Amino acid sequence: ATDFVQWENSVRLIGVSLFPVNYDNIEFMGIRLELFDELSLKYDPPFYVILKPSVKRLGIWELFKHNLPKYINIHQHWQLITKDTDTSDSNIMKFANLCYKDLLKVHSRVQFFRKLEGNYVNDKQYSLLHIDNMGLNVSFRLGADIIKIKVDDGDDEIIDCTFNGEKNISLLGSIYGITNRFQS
């Protein structure tokens, strides 16, 4: 009867899952958000959002605690979906996937410039020199050149670039297409 753990861990691979948390004889609802790390080929530790039953109304969940990064607008997501009125299981999953969608977007952005480390691009070796927590400002070396880019968090578009300190436009555009713009 231990196949359950095997079944669950398989579900957890999806990245989003609900689970009960018992504390002080109250059953909290936990939202588990797990990201896969393509560099380590492992899953990172889960982020958590914890919901507590309301003591004021029936059928209402409330935000109790969480450890999501500060760039996740967790309270804007909760208000927009629930209005502090409808916290149905369906809305909670809508809220969970909305936070997870934003986590993946940032995660994938940082992972992109770290996966390029060591790889060769345009017969030139890539080396990452700096990247902020949100992957919106990046500096990397390609051969003997130094590229610095500023990214718009909304559309993942490279909006500003410098090539060896000089303004550049040939590398602008979607962030994940920069590897195809070096031929210029």
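Just count from 1 along the sequence shown to find any residue number.
Averaged over their C-alpha atoms, the temperature factors of 147-155 and 28-36 are higher for 147-155.
Relative to its counterpart among 39-47 and 114-122, 114-122 has the higher mean temperature factor, C-alpha atoms as listed in the PDB entry. In the deposited coordinates, the residue among 90, 97, 108, 85 with the greatest CA B-factor is 85. Remark: residue 127 belongs to the middle third of its chain, ranked by C-alpha B-factor as recorded. Sort the chain's modelled residues by C-alpha temperature factor and residue 20 lands in the highest third, per the entry. Among the modelled residues of the chain, residue 67 sits in the lowest third by CA temperature factor in this PDB entry. The PDB entry assigns residue 14 a C-alpha temperature factor belonging to the lowest third of its chain's modelled residues.
Residue 58: CA B factor in the middle third of modelled residues in this chain (values from the PDB entry).
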